[PDB]
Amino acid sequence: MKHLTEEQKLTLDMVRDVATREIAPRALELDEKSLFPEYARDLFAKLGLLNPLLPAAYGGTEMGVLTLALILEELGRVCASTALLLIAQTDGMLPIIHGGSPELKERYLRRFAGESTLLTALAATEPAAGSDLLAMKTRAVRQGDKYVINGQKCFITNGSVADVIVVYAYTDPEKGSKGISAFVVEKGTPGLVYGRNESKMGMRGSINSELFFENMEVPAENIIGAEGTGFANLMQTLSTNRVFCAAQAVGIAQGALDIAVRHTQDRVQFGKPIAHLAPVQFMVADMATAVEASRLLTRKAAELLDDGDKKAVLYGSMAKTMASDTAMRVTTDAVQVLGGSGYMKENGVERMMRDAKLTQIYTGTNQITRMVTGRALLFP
């Protein structure tokens, strides 16, 4: 657990303050009415929190993965949707940060400098290509000084609102994991078409888009890296995304635990607070221990990523699986601890349980993350 710099400590104190005073009171309505977290996005921009991994060279704060992880745990505590904003925003920029040419980085990252409110998105998933990302069908054909892109993407977080989308497509279908390339695609490009914004079980304070590319021309200079390196770029981006999912899950689990704990102190049955009942003590014990274990695995994984350590793949996969499992279990149980009240929309913990489910599925499902982990352990 690296010593935090004073800059990190100040950032995290401010995040905890904003989470408590501004984010938490909004979260019920954000879910109830399925709202993009505009107020949060605007506030985060003003405070320097929207783009924490943007490099200093492009006007960013370049905080590192550990810092963003800690931020995600604080936000996930109170609003999983508001955390997801930060995950999608950082995700959409990471392919350019780590693959783009000097020229491309300057061209497209400058607009995110400072208090910019512009948004990113990452578009890899397709109806045909979820866990099997190599099955994606979107194609990019070189024609002169342009690529012509045809296909579709689904479940794209912020897709319909992103200024800049990183699209993965095949430039050579025959070469498989060596035939995918990655492209910067700007909002307003002719041929970019938005589909439905789908209705979800949870994390409803969000945008979940279908994209279509119909003879969509992008300049040749919008390619990220060389042709055929896009699958490795995607896999590297996912390695980091998984740690962000894990951090958000740690937060979700903690926020539900905190509400369970307070309920046990306040709710009297059989003549005393229910905290006095040994089975409630046992439930809270098991909940807190899994959150703490998940927190430690997640912080180790984030540190390994910042250090550029090969082991980050393994530990990030174990942190994603364990912290999401833990958020699913702990939230299920925190609803239980609140009894009837736990099932009521007004008390929040039902939303956190709906939110928790997504963390088992996105950034790759927990069956894929178990594959990645097992492969890394058995075929080192």
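Each residue number is its position in the shown sequence, starting from 1.
*Asks:* For the C-alpha atoms alone, is the average B factor greater in 227-235 or in 143-151, going by the entry?
*Replies:* Mean B over CA atoms: larger for 143-151.
*Asks:* Between 292-300 and 99-107, which has the higher average C-alpha B-factor in the PDB entry?
*Replies:* Per the PDB record, 99-107.
*Asks:* When you compare the CA B-factors of 179, 205, 130, 255 as listed in the entry, which one comes out on top?
*Replies:* The C-alpha B-factor peaks, among 179, 205, 130, 255, at 179.
*Asks:* Looking at the C-alpha B-factor values in the deposited entry, which of 188, 251, 92, 159 comes out highest?
*Replies:* When the deposited C-alpha B-factors of 188, 251, 92, 159 are compared, 188 is largest.
*Asks:* Using the temperature factors of the C-alpha atoms in this entry, rank residue 341 within its chain: lowest, middle or highest third.
*Replies:* For residue 341, whose C-alpha B-factor we compare with every modelled residue in the chain, the answer is the middle third.
*Asks:* Splitting the chain's C-alpha B-factors into thirds, which one does residue 193 fall into?
*Replies:* Highest third of the chain for residue 193's C-alpha B-factor.
*Asks:* Of the three thirds of its chain by CA temperature factor, lowest, middle or highest, which one includes residue 51?
*Replies:* Answer is middle: the recorded C-alpha B-factor places it there.
*Asks:* Considering only modelled residues of the same chain, in which third does the CA B-factor of residue 218 rank: lowest, middle or highest?
*Replies:* Ranked within chain, residue 218 CA B lands in the highest tercile.
*Asks:* Ranked by Cα temperature factor within the chain, is residue 170 in the lowest third, the middle third or the highest third?
*Replies:* Top third by C-alpha B-factor.
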